[PDB]
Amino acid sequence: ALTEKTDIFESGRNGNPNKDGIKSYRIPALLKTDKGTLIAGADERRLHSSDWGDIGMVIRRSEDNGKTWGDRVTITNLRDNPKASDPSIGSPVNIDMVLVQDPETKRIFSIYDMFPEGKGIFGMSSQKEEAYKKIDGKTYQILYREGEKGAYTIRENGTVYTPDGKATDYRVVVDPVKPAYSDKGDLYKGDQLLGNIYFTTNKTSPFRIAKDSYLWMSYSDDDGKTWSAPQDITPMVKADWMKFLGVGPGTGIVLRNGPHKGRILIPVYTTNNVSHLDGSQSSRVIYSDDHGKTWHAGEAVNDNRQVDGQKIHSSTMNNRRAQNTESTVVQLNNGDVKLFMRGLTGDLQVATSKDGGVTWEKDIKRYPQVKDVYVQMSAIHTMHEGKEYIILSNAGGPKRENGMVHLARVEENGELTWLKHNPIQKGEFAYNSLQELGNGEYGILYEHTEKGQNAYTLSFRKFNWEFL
């Protein structure tokens, strides 16, 4: 039925670091690859357990269906500002990942947020700063220089150009080479390292990127063993009005049927400048139809949505209860895509797309038989004995506690009928990620603490249909 928990990422105790000098881990993503391998992804939080600071994007691999796991592999870990007054806020931040595999190329993607040095989503400015500039059909990332108003650009070879279009003696590391790509954004003049473009305080170089929220992507073509340098996918998908744009962490999908088969779907959510985190968080997907080469934004669930009288839009809404945030995405056999969205109604909110994730139907469906206490969830499609189901896992409540694995039957019209609700973990329970394993068996990687563990320890369990 259900196995006992195996601890995959171990957090420290009583506010102290673990044996690796790491305080805690958060944000599980569980990928079951084509070769049977399980990739377990996490935020690795070295210094403290906040939503910022020194966080690396890390994975572990199990080649025996989750029994034993290899050593941590670091995808990305940007170097700290060695001059920051407060190291707790003195690192450029990567935070929250989504994992997915392309089933044709077998390429594995990790998509995650990036912010310059500071407090991440909780450090965002009230004012927009332009991040990119289009010059002769090429999009360049902008750099700002203290006491100068104009936009410098990073062009060919990482060479920095003046606002007026002339090459400088300065250059950015745009092809990072150090372990964990900790050299990305390093600012040189000739062969002299001066600082880093992601540093925002006590700078030793003249240049910095726009203070904003970014989305990065790294990929692996060797079953998660090694990873590419980070690719900045922001300018492909972030609209000029968006404040925050970030992933809904967990595991993305690839569409298996319909006109859009082969489409990679990555849950994301945005905020606007009208109400930001107070009334605007809005879920959507970004997608790629060319096996991860180019990315596009779908429309938000909240775009032209009717809410208590009146239409809203994600770019202009200010409605706490109509927010939807981190989400988990599933495709049905009839071609429909369901988006299970974290929200503030107390129960499960589901949006439906008829066109492979680009637009959403007018109604958000509420399922009062599945509680949602305002915490991430994960959901996967499953076939059992020729019958179509959805498995969804989240906290049972009243707080981030008592982990549940809910089983739904999907009807021919895509309506969901909730059959079973199975507690899987007493005590602390938060973020979780599900995968199908290959028999009637399923794996879950989740957040949980016991015995004074720092939030969180990430643990793994297998269950089967008899548990379900």
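Whichever C-alpha set is largest while still superposing within 1.5 Å between the two forms counts as the rigid core. In case it trips you up, residue 1 is the first one in the sequence shown, and so on.
### Query
What stretch shows more C-alpha movement in 4 other deposited structures of this protein relative to this form, 120-128 or 166-174, after the core is superposed?
Comparing 120-128 with 166-174, the larger C-alpha deviation in 4 other deposited structures of this protein belongs to 120-128.
### Message
Given a rigid core fit, name the stretch, 22-30 or 44-52, whose C-alphas are on average farther from the form shown here in 4 other deposited structures of this protein.
### Response
Between 22-30 and 44-52, the one lying farther away in 4 other deposited structures of this protein is 44-52.
### Query
In the PDB record, does 230-238 or 302-310 carry the higher mean Cα temperature factor?
Comparing averages over the C-alpha atoms only gives 302-310.
### Query
Between 240-248 and 143-151, which has the larger average Cα B-factor in the PDB entry?
In the deposited entry, the stretch with the higher C-alpha B-factor mean is 143-151.
### Message
Sorting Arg321, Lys138, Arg284, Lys338 by Cα temperature factor from the record, which one lands on top?
### Response
In this record, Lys138 carries the highest C-alpha B-factor of the candidates.
### Query
According to the deposited entry, which of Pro398, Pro267, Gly158, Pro206 has the largest Cα B-factor?
Highest CA B-factor of the listed options: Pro398.
### Message
Looking at the temperature factor on the CA atom of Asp71, which third of the chain's modelled residues does it land in?
### Response
Within its chain, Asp71 is a highest-third residue by C-alpha B-factor, going by the deposited values.
### Task
Grab the CA temperature factor for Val174 from the record and place it in the lowest, middle or highest third of its chain.
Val174: CA B-factor falls in the middle third of its chain.
### Query
Going by the entry, which third of its chain does the Cα temperature factor of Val370 land in?
For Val370, the deposited C-alpha B-factor lands in the highest third.
### Query
What third of its chain, lowest, middle or highest, does the C-alpha temperature factor of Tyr389 fall into?
As the PDB entry reports it, the C-alpha B-factor of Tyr389 lands in the highest third of its chain.
### Task
Just say lowest, middle or highest third for the CA B-factor of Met383 relative to the other modelled residues in its chain.
Within its chain, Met383 is a highest-third residue by C-alpha B-factor, going by the deposited values.
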